[PDB]
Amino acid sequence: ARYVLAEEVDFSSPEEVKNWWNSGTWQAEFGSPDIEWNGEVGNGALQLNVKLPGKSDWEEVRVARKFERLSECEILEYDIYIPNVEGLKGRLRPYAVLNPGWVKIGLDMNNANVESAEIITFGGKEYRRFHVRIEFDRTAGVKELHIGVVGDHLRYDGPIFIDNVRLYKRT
């Protein structure tokens, strides 16, 4: 099948951040501010301030945005960056959800142990980089994309960044 890019969010400007909201948590917490713009990471990225205790297999924080063409789309991609602090252990289990309908997509398709990760550099600082690619079916009536950042025995108190959110549809 062939696809074109329908929507893309690169967070080049802080005014994009108002389109995103905190859609909840599960066995994890947001700090304050929960979500903010960061202009160094990714030349602009969405910064989630999180606290994951690292005691269970599913410790989730979630952000969301409306996308008018979401019901026409079939592939989602995004990047997650985590500061390359020494000693971090555990697994990320990132996924996403389409709503209305709370349609969970990509469950356990992009899981990554943090210990053996690609790195990327911004501003002379290193970040662990995790790419997420999810295929799904055209889903009628959906209008919101929720991105779920999930830790699995990943004890971490600090920022996690999202960037390069891309949605593709068929030509």
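Residue numbers run from 1 along the displayed sequence.
Comparing 5 to 13 with 150 to 158, the higher mean C-alpha B-factor in the PDB entry belongs to 5 to 13. Per the PDB record, of the two stretches 53 to 61 and 113 to 121, 113 to 121 carries the greater mean B-factor over its C-alpha atoms. Per the deposited record, 142 carries the highest C-alpha B-factor of all listed residues (45, 107, 35, 142). The entry lists C-alpha B-factors for 66, 129, 69, 133, and the highest of these is at 69.
Among the modelled residues of its chain, residue 77 has a C-alpha B-factor that falls in the lowest third, as given in the PDB entry. Split the chain's modelled residues into thirds by C-alpha temperature factor. Residue 94 is in the lowest one.
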